[PDB]
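1. Experimental structure and its sequence below.
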Amino acid sequence: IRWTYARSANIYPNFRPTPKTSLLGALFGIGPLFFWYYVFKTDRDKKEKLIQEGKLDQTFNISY
Amino acid sequence: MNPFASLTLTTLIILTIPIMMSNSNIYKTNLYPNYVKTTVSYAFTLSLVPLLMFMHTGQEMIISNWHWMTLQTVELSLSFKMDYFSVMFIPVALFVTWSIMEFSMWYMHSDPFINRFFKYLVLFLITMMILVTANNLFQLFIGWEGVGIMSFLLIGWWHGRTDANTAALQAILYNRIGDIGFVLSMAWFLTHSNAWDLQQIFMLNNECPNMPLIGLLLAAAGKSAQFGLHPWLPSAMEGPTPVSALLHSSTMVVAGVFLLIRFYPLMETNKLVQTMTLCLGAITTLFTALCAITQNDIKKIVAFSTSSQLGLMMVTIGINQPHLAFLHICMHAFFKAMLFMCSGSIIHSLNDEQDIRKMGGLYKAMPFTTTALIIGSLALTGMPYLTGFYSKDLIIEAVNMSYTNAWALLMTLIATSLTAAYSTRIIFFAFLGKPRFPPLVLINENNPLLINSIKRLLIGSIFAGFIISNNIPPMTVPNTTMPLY
Amino acid sequence: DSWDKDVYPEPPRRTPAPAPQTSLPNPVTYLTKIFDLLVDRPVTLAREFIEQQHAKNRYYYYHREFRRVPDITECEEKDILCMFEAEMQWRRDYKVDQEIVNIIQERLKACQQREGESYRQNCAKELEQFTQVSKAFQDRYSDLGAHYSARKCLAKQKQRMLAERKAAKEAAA
Amino acid sequence: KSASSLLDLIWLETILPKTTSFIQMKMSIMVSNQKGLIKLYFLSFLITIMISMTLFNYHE
Amino acid sequence: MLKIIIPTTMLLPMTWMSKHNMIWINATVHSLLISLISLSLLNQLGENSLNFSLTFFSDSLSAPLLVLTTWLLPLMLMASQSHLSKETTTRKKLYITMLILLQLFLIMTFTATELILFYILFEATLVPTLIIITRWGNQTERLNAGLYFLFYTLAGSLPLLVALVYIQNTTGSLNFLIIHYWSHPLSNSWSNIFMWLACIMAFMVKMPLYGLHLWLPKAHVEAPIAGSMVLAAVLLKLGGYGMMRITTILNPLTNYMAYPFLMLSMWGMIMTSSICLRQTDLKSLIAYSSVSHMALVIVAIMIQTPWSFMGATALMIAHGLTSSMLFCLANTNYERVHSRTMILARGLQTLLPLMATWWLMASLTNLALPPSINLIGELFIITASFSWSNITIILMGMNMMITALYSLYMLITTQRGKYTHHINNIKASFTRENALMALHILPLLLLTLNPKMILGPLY
Amino acid sequence: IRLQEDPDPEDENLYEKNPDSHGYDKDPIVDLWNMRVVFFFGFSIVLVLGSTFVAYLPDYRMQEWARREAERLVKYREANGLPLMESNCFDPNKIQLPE
Amino acid sequence: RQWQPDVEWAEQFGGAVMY
Amino acid sequence: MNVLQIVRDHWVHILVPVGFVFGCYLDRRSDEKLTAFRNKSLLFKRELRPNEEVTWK
Amino acid sequence: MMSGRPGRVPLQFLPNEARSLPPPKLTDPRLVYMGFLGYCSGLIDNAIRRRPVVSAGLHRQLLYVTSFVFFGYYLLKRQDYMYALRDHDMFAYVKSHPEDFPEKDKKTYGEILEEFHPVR
Amino acid sequence: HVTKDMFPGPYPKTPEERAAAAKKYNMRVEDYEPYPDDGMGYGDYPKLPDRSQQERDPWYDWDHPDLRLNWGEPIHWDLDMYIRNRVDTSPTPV
Amino acid sequence: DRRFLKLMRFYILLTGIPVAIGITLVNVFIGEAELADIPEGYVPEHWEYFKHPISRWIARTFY
């Protein structure tokens, strides 16, 4: 239960906002976030400007 | 006609019966071994009658009884796809499972859950056979996931063993990575083709199944050991000898290439995935075979022989030969299971051990297993007139004939050389003639039922190589002439 | 029969009339007549029992019939009564469309195996009647969010009419 | 070190719960720690009178 | 809908006055019977929602959740038998009163016809849950658990209050049917996105998404065994009903505004799955897997697709069943061991042959394998998300890649292997438990055989 | 001593004092009675007659009705060749074209 | 049994102002 | 058999059923307050037969 | 919505012209709840004095449920009265001011040009 | 039952603190050292070297034979990391 | 455990064979329905528009 506490609850009271901590925490707190957001919006707009004139096909995809 | 409509599914029903008999709990747990052994035997017999009915009238069939959903444009029904592929594959499947059930009865004679073990193979083979005849991709994935998870449990049969459950985790991990590609494929189909029935998609004739073919290739690489997603089978035979010889030899590791066979009409449309499958089937025949060149365990060597030969039907579907690969899996169930049978026999006789070291010069005291192992070794190395002739021999002359990847072409003869190599490695190690074993000699196949099962698969590995090769309707490319070299 | 060829098509049946070239007895016919004698006949007579007891006391049901109601095009804005009625009518017509495309689904699916390796040339007309049921479906019902309403369906029809009129007038400049 | 601890048990709990609770911390003891002298209270009434009267010019 | 509500309300004096030891029996029996009356409501006429009165209406979206809650009430009712056998009779009746009032407020929420009444009963659920968590908790951190849960839910809810009164002032009514029929395009005005945020964030709070998911892990761990399944089971899905109904006015602004939260779910359902490989507590393990499943259902909602809606509607029921299913097992093992450490006791199959069987199909249902309704609910979401944005299958494949790695890991590190030698008080499994997971898992496949009922209201 | 407490009591198991018990309560007869009631409707008619109730519920969204009523529409319209579907559900003629 | 506030848990309020 | 004592200790199992039927009757009550379109349904204008007098209760 | 209404007599609970309104039914669901509201007051009273909560002095319960249901009844007449007046001068103001409430023209959905949004 | 010395607490910064944490984890002061002070809530928890349980002696009478652990001993923050089932630090041939 | 499985089955089949023989009996006493056209004069009750007899009865009582 020492390891249980030190893995579950002891983290925050001994946690200090070191420059490294803030750095990598922000790194993977907005890197994957905005990166997935970017790739998804990229493909979504790709189909958006591929469908308004009719390039993309919707022949058998009725069950959307 | 009507009997072909009925008995082709009574074959499945008769095997569903012992399972709910088990859920009744009135069944005597010692009689259940013979119960389910007998049931798989009858189901094999009752599976031949659709086989010769089809052989008479060369006709396929799909049954779509009472449906499950009717969502907008999707009517998910119980669509069993028992065409020539399914009705020709199953009888060999239940024959192999029955022979190995007798083998397991002999081998698993000192386990409290022997009936539990046997019904476990029973449920595994039920989801296998429903996967074999599954027109809708939903039933296809039902069988896919069912065989995968029940494999996982069968590897984890020795739950006390840490390595057993660890290897089960690895197997489910890789199988599930393949299931990711399966999920991508079914998502593409339900978006584009908006239906699950395989016949419906082939009907639509979507000659550009890029993402579908990629997903099915990934799923096959998962369930059929291929580079990257191969090592889960090196983990999988850690389970008992019956499961290692039934599942991890020729029944569910063939599921991926079998799925590609069922999806061949979409496969042949694209040729790039054909080249990639050539590359994968060559590279597995590389890695597994060279690792088996020096392996100190009889289970391992034959397991890598399996995986390489599965990559060989991967090459076969990659050179636009689905049915050649189908005959290959059909006689594969015979012969590769047969050699894993010999392996389990020597294991049980030789102090429950599998390493190629510390053998007792078995040929003197292990004669029947010796002959079976020699002819199986010759079969996996393309023995003429045997299972091998209408197998890897055919596929090799096809790949040499057809326009194939060069490196794949040289690689598959290197693979055949290695196939000879380790197959004779077990020969000159086990039956070499120098005894190395405990002072009490236990190497003896005196069990009558073991002999019966071994010879039951043995006759198929001698006969059934050609008792189906010319009987089948002309279905492959008949390249008769070719350069002598 | 309960069904019909007009909405459930089925090609005429044809069999090769097997004439064996060998003197060995034909097995498949023999096993089929055996399976008839010990399986087909008892279930047939049991269903004879069932049919006679059915005919002993017969009851009927009727097609639940509806009638046309004012639609959203004729529905007044803010008129909640005709609003709801047109919603009901449009949703049941949407269900009608889903069912009829299901019938075409099953027609084409069964045709594929019915016509064989020749399916690519006999079901093509069936495929021809599919490539047009989807597109028109997309014209009448498609992309309507997940709260699809007769109002939103009318808005989509508005998109279609303005687009086709725009194409017509741009052709006429 | 990235999913657990640092993200869940360090970061998200710090930002919304703990930071707001610390704001209430720091602004509860600067709000409710007056000694009780009538003077400083009355000059609080005082400057409020002009802020209401001329500075904001409530009447204007 | 008086037919099912009135029996629940009037059931309360029965428990509050019956004999000191027949209260369990009578509450159980009458719960099974009002659930029996409840399943008669699965009927749904055409596309019309099943109307009952000016204030109460239901439909195919509601009915599975209603009969769900009615089916659960017996489950924690007789799960409480072990944990409340030693406390005072009046406290026992008070606990049963808390559970009954909770179920009453749930069936009031789900049958609500007008928005603000749905909201009143939407926040009326915290009071019984807060009381149950704080009073009948076990460890120390339960107080901070109640604080986190209550404050999170409120801080979500109040903006929804202001938004709803604003809707009533502007549109003219808050009845569900009219605002669906009198719906208007929510434009891209800079007040409209805050309108949307107020109408959405409240439900998102009690649907733990990435970042705002501390109350569930820090409350379900030490919530009472009966309460924990109720939190993990239903009150995460009343928010789903909230989205289901409120999204009829939030379009078309939802098309591009949903993007921040949308991805925050997909990557989210990976992180709470990625976090899910490493837990020191089994209850936290189930909680994090639950969070992953609700991120899945969130992305199901935000696409606004009929297939996405079907996958969702199936997913709330499936996830609630499986989550409570696992939480019962966690309760049983903890009660036998009086601790909640992960690797404290592996290899329990060597001692409880049927209990780890229950573990096995519990994890299998958590796997979402076919043909279980978990798989079909997931699968509809797979198809909808693919038709949405092609690649989404990569992240969601990572989710159907992590789910079993932690589910079967929990099997191998609890049931498989061997028992730890120090513990010796593990007695044979009592019929109460295995019976309760029987009533949990068997209908999970029973209604799987009939997926139309829980399939969705767009059928 | 720091406080006057009763130490943590031992967590008794019903089987030890009373074998054949059920983990349901202390008095065996109501242990039985709780068995009967839970193994009643819980697994009884709620679970099974309830299964028939949900399985044999009246027409679901009139799908069974919508099935039968649409082959007639199909037949009617193929009689004149106009196909089973249409591009438009709402009729263009009754709705005006703006400008 | 469950956990009840220890003497210290009541002590932390105490002290006139508890924050 | 001390029926008085049995009802004294076992009478709770009776109150819930009478509640349910109460709800049913109350639902019936609700219907009669909500008969605005009595056979005014625009797909169910089916003529009132000379025998009965109401469409539904 | 009122205290500056003309002819409003002060400190007068129920004005004379209220009687033209339908008096609340004795079985009014609101009224019976406020009768139940009487029960909660009675049941708590026995609890405060640690008296037998279920059956301590039914005489106290009787006035607790009868006084509450009474003062509820008169309140409901006034409740309906104000809501009636709010709706009364409602229409009087509308009728007396036709200009401020123009007759908005009704146009069917076939004439409007609502633009459908593709939700993909 | 419980005291404060065997509850993980503050990060040690003085030799007396190191000895207190050494008792806290039942492992001596000289080989006691916590993880870096880079704010991961490491506190007094010692940076136990990242070895697995496959490298230990299976023949040893481990009080937790399933993972070759012993009754009441300091365990690594990532013990579940380096279990026999999961990743192992056992050496590879080269 | 075995006592459980025994009582599970005992009470599941306890009311299982009753309803099972009931549905098989109605399927072999009056069976399904046959299509009929316009009901001249007679208006169909709300349970007449169905096909299965037990589905008619359920709509007959609680519907």
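-> Sure, I can see it. Residues are numbered from 1 along each chain as shown, chains lettered A, B, ... in the order given.

2. give the contact list for residue 11.
-> Picking chain A for this. D:5, D:9-10, J:40-41 (Cβ atoms under 8 Å, 6 or more residues apart in numbering or on different chains). Heads up, the C-betas are built off the backbone N, CA and C, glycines and all.

3. my bad, the chain I had in mind was chain F
-> With Cβ under 8 Å, 6+ apart, residue F:11 has these contacts: residue E:338.

4. State the distance from it to residue E:194.
-> To residue E:194, residue F:11 is 53 Å away according to Cβ to Cβ, to the nearest Å.

5. and if you look at residue J:64?
-> Taken as Cβ to Cβ, the span from residue J:64 to residue E:194 is 56 Å.

6. How about the residues of chain H by chain K?
-> Chain H has residues H:46, H:49 near chain K, with proximity defined as Cβ under 8 Å from any Cβ of the partner chain.

7. May I ask which two of the contacts of residue A:11 are separated the most?
-> D:9 and J:40 (9.8 Å; Cβ to Cβ).

8. Touching the one helix or strand residue E:265 maps to from outside, list them.
-> Assigned by DSSP states H and E, residue E:265 falls within helix E:259-274. For helix E:259-274, contacts defined as Cβ under 8 Å, 6+ apart pick out A:32-33, A:36-37, A:40-41, D:3, D:7, E:200, E:204, E:209-211, E:213, E:288-289, E:291-293, E:295-296, E:298-299, E:302-303, E:392, E:395-396, E:398-399, E:402-403, E:406.

9. cool, and stretch D:9-17?
-> Contact with stretch D:9-17 is made by A:8-9, A:11-12, A:15, A:17, A:21, A:25, A:29, E:148, E:211-214, J:39-41, as judged by Cβ under 8 Å, 6+ apart.

10. Residue J:64 and residue E:194 - which one has more neighbours?
-> Higher neighbour count among residue J:64 and residue E:194: residue J:64, with 17 against 12, using other Cβ atoms under 10 Å in any protein chain shown.

11. who's in contact with the more buried one?
-> Contacts of residue J:64 by Cβ under 8 Å, 6+ apart are E:420-421, J:70-71.

12. Equivalent analysis for residue E:355, please.
-> E:329, E:332, E:348-349, E:415, E:429, E:433-434.

13. In strands only, show me those residues.
-> Among these, DSSP state E puts none in strands.

14. helix or strand for residue E:178, which one?
-> Counting by DSSP H and E, residue E:178 is found in helix E:176-181.

15. helices or strands up against that helix?
-> helix C:80-115 (3 or more Cβ pairs under 8 Å, 6 or more residues apart in numbering or on different chains; DSSP states H and E).

16. And the helix it packs on, what does it pack against?
-> helix B:198-204, helix C:119-122, helix C:124-140, helix C:150-171, helix E:176-181, helix F:63-79.

17. re earlier: would you mind checking the contacts of stretch D:9-17 for buried ones?
-> A:8, A:11, A:15, A:21, A:25, A:29, E:148, E:211-214, J:39-41 (16 or more other Cβ atoms under 10 Å in any protein chain shown).

18. Please point out which parts of stretch E:251-261 sit buried.
-> E:251-255, E:257-258, E:261.

19. Within reach of chain A, which of the contacts of residue E:355 are there?
-> Okay, of the contacts of residue E:355, nothing touches chain A (Cβ under 8 Å from any Cβ).

20. And the furthest pair within these?
-> Across the contacts of residue E:355 (Cβ to Cβ), the longest gap, 15.1 Å, separates E:349 and E:433.

21. Nearest residue to the middle of chain K?
-> In chain K, the centroid-proximal residue (Cα atoms, centre = their mean) is residue K:54; its distance is 2.7 Å.

22. which residues touch that residue?
-> Contacts of residue K:54 (Cβ under 8 Å, 6+ apart): F:52, F:56, K:23, K:26.

23. Pick out the residue in chain F sitting closest to chain J.
-> residue F:8 (8.4 Å; Cβ to the nearest Cβ).

24. Tell me the residues of the stretch 51-200 of chain E that contact chain A?
-> Close to chain A, as judged by Cβ under 8 Å from any Cβ, the stretch 51-200 of chain E has residues residue E:141.

25. Make sure residue B:334 is indeed in a helix.
-> Yes - counting by DSSP: H, G, I helix; E, B strand; the rest coil, residue B:334 falls inside a helix.

26. correct me, but it touches residue B:461?
-> Yes - the pair residue B:334 / residue B:461 is scored as a contact, 5.1 Å apart, by Cβ atoms under 8 Å.

27. More neighbours: which of these two?
-> Under the neighbour definition other Cβ under 10 Å, residue B:334 and residue B:461 were set side by side, and residue B:334 has more, 28 against 24.

28. Tell me how many other residues crowd residue C:7.
-> For residue C:7, the count of nearby residues is 18 (other Cβ under 10 Å).

29. so who does residue I:61 touch?
-> I:38-39, I:42-43.

30. hey, where'd the helices end up in the chain?
-> By default, I'm working from chain A. Ranges of helices within chain A are A:2-8, A:11-14, A:19-51, based on DSSP state H.

31. Can you look at chain H instead?
-> H:3-9, H:15-32.

32. Packing partners of the last one?
-> Read it as helix H:15-32. helix E:2-17, helix E:22-39.

33. Can I get that helix in CSV, CA atoms only?
-> The C-alpha coordinates for helix H:15-32 follow below in CSV (Å, rounded to 0.1, in the frame of the first residue of the first chain):
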residue,chain,number,x,y,z
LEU,H,15,-50.1,-1.6,-1.3
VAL,H,16,-48.0,-1.7,-4.5
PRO,H,17,-50.5,-3.5,-6.7
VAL,H,18,-53.3,-1.1,-5.8
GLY,H,19,-50.9,1.7,-6.7
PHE,H,20,-50.3,0.3,-10.2
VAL,H,21,-54.0,0.0,-11.0
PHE,H,22,-54.4,3.5,-9.5
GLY,H,23,-51.9,4.7,-12.1
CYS,H,24,-53.8,2.8,-14.8
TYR,H,25,-57.1,4.5,-13.8
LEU,H,26,-55.3,7.9,-13.5
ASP,H,27,-53.9,7.3,-17.1
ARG,H,28,-57.5,6.6,-18.1
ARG,H,29,-58.5,9.9,-16.3
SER,H,30,-55.8,11.7,-18.3
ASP,H,31,-57.3,10.4,-21.6
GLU,H,32,-60.7,12.0,-20.9
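
34. mind listing what's buried in that helix?
-> In helix H:15-32, counting by 16+ other Cβ under 10 Å, buried: H:15-16, H:19-20, H:23, H:27, H:30.
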